[PDB]
Amino acid sequence: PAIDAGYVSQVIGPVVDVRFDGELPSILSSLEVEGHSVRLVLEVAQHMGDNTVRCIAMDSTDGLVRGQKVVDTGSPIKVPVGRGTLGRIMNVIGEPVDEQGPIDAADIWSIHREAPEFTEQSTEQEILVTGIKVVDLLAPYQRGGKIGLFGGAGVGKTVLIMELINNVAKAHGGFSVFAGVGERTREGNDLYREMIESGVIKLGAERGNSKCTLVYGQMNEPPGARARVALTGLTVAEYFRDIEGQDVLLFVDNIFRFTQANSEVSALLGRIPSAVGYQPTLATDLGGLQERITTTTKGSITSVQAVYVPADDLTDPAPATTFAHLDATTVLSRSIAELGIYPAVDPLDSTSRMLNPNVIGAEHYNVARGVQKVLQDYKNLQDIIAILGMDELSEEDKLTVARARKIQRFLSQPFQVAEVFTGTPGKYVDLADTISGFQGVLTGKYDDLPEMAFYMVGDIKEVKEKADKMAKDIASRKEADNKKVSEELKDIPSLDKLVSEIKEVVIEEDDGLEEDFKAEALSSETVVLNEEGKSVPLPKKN
Amino acid sequence: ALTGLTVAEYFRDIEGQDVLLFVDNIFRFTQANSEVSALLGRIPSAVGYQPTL
Amino acid sequence: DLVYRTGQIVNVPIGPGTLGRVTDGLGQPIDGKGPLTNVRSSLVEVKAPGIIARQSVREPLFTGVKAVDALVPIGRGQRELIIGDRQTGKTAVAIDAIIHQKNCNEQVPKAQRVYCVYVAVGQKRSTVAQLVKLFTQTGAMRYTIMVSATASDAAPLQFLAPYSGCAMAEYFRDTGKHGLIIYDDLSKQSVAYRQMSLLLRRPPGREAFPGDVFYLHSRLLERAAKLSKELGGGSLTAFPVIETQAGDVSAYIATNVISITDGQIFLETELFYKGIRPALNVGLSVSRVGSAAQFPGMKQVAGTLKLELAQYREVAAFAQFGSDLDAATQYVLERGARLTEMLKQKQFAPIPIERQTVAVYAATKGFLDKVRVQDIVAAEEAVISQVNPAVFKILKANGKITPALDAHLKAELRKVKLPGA
Amino acid sequence: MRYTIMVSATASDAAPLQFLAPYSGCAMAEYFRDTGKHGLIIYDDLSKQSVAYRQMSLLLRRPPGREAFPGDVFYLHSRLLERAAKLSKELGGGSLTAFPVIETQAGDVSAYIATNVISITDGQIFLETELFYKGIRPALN
Amino acid sequence: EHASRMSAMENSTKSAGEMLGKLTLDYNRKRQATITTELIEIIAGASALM
Ligand SMILES: Nc1ncnc2c1ncn2[C@@H]1O[C@H](COP(=O)(O)OP(=O)(O)OP(=O)(O)O)[C@@H](O)[C@H]1O
Ligand SMILES: Nc1ncnc2c1ncn2[C@@H]1O[C@H](COP(=O)(O)OP(=O)(O)O)[C@@H](O)[C@H]1O
Ligand SMILES: [Mg+2]
Ligand SMILES: [Mg+2]
């Protein structure tokens, strides 16, 4: 019993060293610390030599003493997988955090795998329509591909990824998985309460008809939990892909927090830092995780990942490494959002492998390249229009400016998840309505309409119906003089008897915060521990 | 760059002749000393060259 | 020197005995009023409440600021960033919120009161002392805890003073009451944590900050939550303050806390020196969590206010300054300037919410179009004084502008003597 | 694919496999150069070999340099690309032509690995992202 | 023509003074990031040896 039990050698933040006297655990193996306040799981990261392993804790390390018994589980972090995880919230180590009881697991799968091999790769470029005009036209999404949403803290990567849940997850026949990695715990409770009323997640006896598994490793967790909760989110999605053969949706709200939390531990693993301050293993940690999210021959994972750019720097090495792992990138811009254009997608920075005329048809492809042509031509004039105004341009270039100012309002779209704080209802735009709507502004069919008629409308039907409303309303200044007459004895009583029908609420003096308060006696002198462990005051020496 | 200079210094000193020494990319002399500088145990100077640049 | 262990993780005294007390970053009082009496020790490093432990933000937290409570509405349990340059009114907004809770706590019942905690990280000790005199001569100190790690204090004391003040504020959240925590100068704490990290010889990242400087603020701000009904239902509202350099909000710590908090209050330095105080950047300041937790009636009339201020920013700086004038949208230029002057407000005078929505109903409906722009702050001060005070009791109690009330509101708004004109 | 070999050390592979795959593929392409045939090698993402080589040297505790790259990262690409030659008639007359690919960040040609391979290779094919969106495909500057 | 050019060039000095004032701060942020970046490259190369 003395063997197969290591003791804590040293604790440096989230990094714990454990010395095993008899036999060392493998790298990626999971450990358990005896006698902690919570269930503290360590995952072996390095063999340091001299019979010590180097581990990363999955919870906080405060309260760890350097003699604590650590038990080897003989396996990596194993999480419950299967249809019993549907409608449940799991943390990084597979514990249920939704207070619905234990998870009825079909299996207990390790979170660490090799990527699926070269012979198990599928080459099937089928489009996935999202109902978003800037997404369906300029950077269309693959039905079984990896999708990145690049954003700069407040540009709308979460509102876009919630609209993708609102648009393509209801129309999907398979199972969704949400990996909340390093995001706001308020958003994880918002998504949970929204998926319960929508019937995506059902509680109690109807739990088997749920279509979503939530895995949450949010930004209140230590960096060991945020570095492995993406691996927990893949493992639930990899079971439905491999074993169940399903088409899986995987939404990873900010995958950058996987990279950032691996940099918080790499300072304490004794590594020399790489470029700007990230770990030297940036490309192989991200490449080891992103290569497990693939469409194989027995199942497809349509993954939509949000990527946070750290200081609106796309050349930062953590967003720049992620660009090579994706089939469709949707780079959102801070400067587009300051114009009020939502979703704030940069049309000259978002790319897709699907934007190819042999995949989406030559009629859809030629419109997208024509939209990007006049948006680039408007960007080439951006400093001449600044320092000299539009009066110095050509008459063939002022037509380029006016058309590009129209389509960048026409790429804007109201969302069904943004209707709560914007008031305007959401617009789902079909694919053929976007290609036909953007033919008309390029050819010149809508040079009659103003620029602001294209702002925040769904279809090209809705820009004509808004151009009328902008000119009925300026004629509505001469409409009528509204008088409110003879209503005082109809149904409105008075002011003074309106005061008498309010309900006075009793204001309580002496707020009474001494209720249920125990108030332990904190004395003046600092109470310390002597060599026999008793609580004594400080001695009178310095 | 010292090997070809030694041939040019023999024609100058012993032969007494006038020499033309063409050195293509003397930058690569300074670059090659930078590729071994951290392995010789020298902490780096400015932009990434050796302290003895 | 001999080092003794105290036996316990780093703890501060929390409880009802912390109200009224000025405190350093470790728990011991500095105001010279004796030790903390009715108090108990809890950890400064508590894991934030999870997903089931929280609920949706439903109840409003009235700031007392007109440009805040109308445009950027803030609910109980929210984290709202106050971000801007130096001397742009960052504290002018935070300490109007603390003073306004003193006015509201004398009218709401016992379980609806808001207890404030003000953490001063890296401030001058004189400005902390001038702030306790403000909170004492107002009476706000009865509901306020004051944590202060000043500029001469050590860098671990400034690192820990937000966590010390949050644990003193988490006493009210965990007991069903409502808390309001203000981390003045959020960036400061990160500079003090950058000092500890570089002196520990840890590898610096971007702007020489450590890799866990996001986790420095994400761990702190996730503890401001609206708890569920099986946890008392108490809330904690955070107001972190971030000072930007030359209005650059794409900085490392600035974009860190923007990607943590729910909304932001961008205070622009250009509007602050043009007399528009509070200088709320209306285009950039959002709050998408406390928008559902807004006072109705104020929600009725500020939907028109931010819609008219939206098209006012379409006539921004090229009225005739750029090329020409059209004189058809002259009306919105002489109305957006009226809604701008409506939201200006003097310092240390927070307004109740039922008197703010009448001042916006007087402006957004058109009862001040005759008033010239020089005398609107005199006009709306004459609106609240001359309209009878019975209408403010109806709008507070009903919680909305009822169709019986806007008849008597429009009756009372046409018989006020506006200055000038 | 009848005439093509494909060496693929992907992103999930170890860092010494991506570091060695340009040399593994060049040795396969050197069979045709050394036997009188003609080869054509494409080192796609040679900017990703230097990142894989940086990971090994930083973890072998070799001291970092410009952008934490090793000091000998010029010699990483100079000894690789100089193996692409046109041999003499006494060595068969065979050839090997290389197309290394370097990805820049926001058009910054002045990057560290970018300026090394520009000074090593004979020509350059510059592809600008602003000429790409003007309809000019291939976006040759 | 001479009096509308006098106003169109006042709007050009105001536009090329707002562009210059914004690009000065963009240079000053890139100046401060540059001295911080190569200094971190020197300490990381010195901590590997010392
Ligand atoms: N609404 C207001 N009306 C008038 N003056 C105001 C208003 N709000 C703030 N001020 C004044 O503006 C000045 C700015 O001080 P304040 O503490 O509000 O700024 P700050 O952003 O906290 O500055 P610092 O970076 O120095 O802490 C003070 O003189 C304050 O009295
Ligand atoms: N689709 C949208 N429609 C309207 N406003 C939006 C939209 N997306 C983002 N915004 C605005 O930008 C903010 C970004 O919020 P959020 O998406 O949560 O940020 P982040 O991108 O950092 O996750 C919103 O609070 C809102 O003010
Ligand atoms: Mg987010
Ligand atoms: Mg201040």
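The rules behind the values
Residues numbered from 1 in each chain as written, not as in the entry; some residues may be left out. Chains lettered and ligands numbered in written order. Part of a larger assembly, values for the part shown. Heavy atoms only, no water. Helix = DSSP H or I, 4+ residues; strand = E, 2+ residues; numbered from the N terminus. Buried < 20%, exposed > 50% of the residue type's maximum accessible area, 1.4 Å probe, protein only. Areas by Shrake-Rupley, 256 points an atom, 1.4 Å probe, with all protein chains shown as cover. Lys, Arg positive; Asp, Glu negative; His and termini not counted. Charge placed at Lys NZ, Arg CZ, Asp CG, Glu CD. Near = heavy atom within 4 Å. Polar contact = N/O pair within 3.5 Å; in protein donor to acceptor, adjacent residues only side chain to side chain. Nonpolar A, V, L, I, M, F, W, Y, C, P; charged D, E, K, R; others polar. Domains from an automatic or database assignment. Donors = N, O, S within 2.8 Å, 3.2 Å for Na, K, Ca; no water. Contact = heavy atoms within 4.5 Å. Patch = residues over 30% accessible without salt bridge, like charges linked within 9 Å, V, L, I, M, F, W, Y side chains within 5 Å. Salt bridge = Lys/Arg side-chain N within 4 Å of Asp/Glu carboxyl O. Axes fitted to C-alpha atoms, helices over the stretch in contact; angles between N-to-C directions. Parallel < 35°, antiparallel > 145°, perpendicular 65-115°, else oblique. Left-handed = near helix turned anticlockwise from the far one by under 90°.

This deposited entry lists cryo-EM as its structure determination method and 2.9 Å as its resolution.

Trainee: Could you give an account of the overall build of chain D, naming the residues involved and the relevant values?
Mentor: Counting secondary structure elements, chain D contains 5 helices and 2 strands. Written out in order from the N terminus, the α and β elements of chain D read α-β-α-α-β-α-α. The principal-axis extent of the C-alpha atoms belonging to chain D is close to 45 × 45 × 30 Å. Sorting the 141 residues of chain D into buried and exposed places 37% on the buried side. Of the roughly 7900 Å² of accessible surface on chain D, 57% is carried by carbon and sulfur atoms. When the 14 positive and 14 negative side-chain charges of chain D are each reduced to one mean point, those points stand 4 Å apart.

Trainee: How would you summarise the site of ligand 1 if you had to cite specific residues and measurements?
Mentor: All names here are of chain C. In the vicinity of ligand 1 lie 14 residues, with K90, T91, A92, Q345 and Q347 positioned nearest. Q347 has a polar side-chain atom sitting 2.4 Å from an oxygen atom of ligand 1. In isolation ligand 1 has 630 Å² of accessible area, and contact with the protein removes 66% of it. Counting residues per element, the shell around ligand 1 draws most heavily on helix 2 (residues 90-105), which supplies 3 residues. Here the shell around ligand 1 is composed, by residue class, of 3 nonpolar, 6 polar and 5 charged.

Trainee: Any chance you could break down the site of ligand 2 for me, citing the residues and the numbers?
Mentor: Surveying the vicinity of ligand 2 reveals 16 residues, the closest of which are A:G154, A:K157, A:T158, A:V159 and C:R288. More than one chain reaches ligand 2: the nearby residues come from chains A and C. Here A:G154 contributes a backbone N or O atom positioned 3.0 Å from an oxygen atom of ligand 2. Within the contact set of ligand 2, an oxygen atom lies 2.9 Å away from a backbone nitrogen or oxygen of A:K157. Protein contact buries 91% of the 560 Å² of open area that ligand 2 shows by itself. Where the shell around ligand 2 is concerned, the elements lending two or more residues are helix 2 (157-168) and helix 13 (419-422) of chain A. Per-element accounting of the shell around ligand 2 gives the leading share, 3 residues, to helix 2 of chain A. Across the shell around ligand 2, the residue classes tally to 8 nonpolar, 4 polar and 4 charged. A domain split of the shell around ligand 2 shows at least three residues from each of domain 2 (78-353) and domain 3 (355-479) of chain A.

Trainee: With reference to specific residues and values, describe the coordination of the magnesium ion (ligand 3).
Mentor: Residue and element names in this part refer to chain A. Within the protein, the atoms that donate to the magnesium ion (ligand 3) are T158 (OG1) and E183 (OE), at distances of 2.4 to 2.6 Å. Of this pair, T158 sits in helix 2 while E183 sits in the loop between strand 13 (175-181) and helix 3 (185-197), and the two are 25 residues apart along the sequence. As far as burial versus exposure is concerned, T158 and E183 are alike and both buried.

Trainee: Provide a residue-level description of helix 13 (residues 390-398) of chain C, including the pertinent values.
Mentor: Residues of helix 13 of chain C that are buried: C:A390, C:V391, C:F392, C:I394 and C:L395. Tucked into the core, helix 13 of chain C has its buried residues touching helix 16 (496-500) of chain A together with helix 11 (353-364), helix 12 (376-386) and helix 14 (405-413) of chain C. Taken from the residues just after helix 13 of chain C, C:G399 is the one with a positive phi, measuring 75 degrees.

Trainee: How would you sum up a negative patch on the surface? Please name residues and give values.
Mentor: All names here are of chain A. A cluster of like negative charges, contributed by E509, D510, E514, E515 and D516, occupies part of the molecular surface. Mapped onto the elements, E514 comes out in the loop between helix 16 and strand 19 (527-529). On the basis of relative accessible area, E514 is assigned to the exposed category, the value being 59%.

Trainee: Describe in detail the packing of helix 2 of chain C against helix 3 (residues 125-138) of chain C, supporting the description with residues and values.
Mentor: Residues and elements named next belong to chain C. Two elements in contact, helix 2 and helix 3, have axes separated by 10 Å at closest approach and are oriented at 20 degrees. Between helix 2 and helix 3, the angle falls in the class roughly parallel. Along this stretch, helix 2 crosses helix 3, giving a crossing that reads as right-handed. Contact residues: helix 2 offers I95, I98, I99 and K102, while helix 3 offers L131, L134, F135 and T138.

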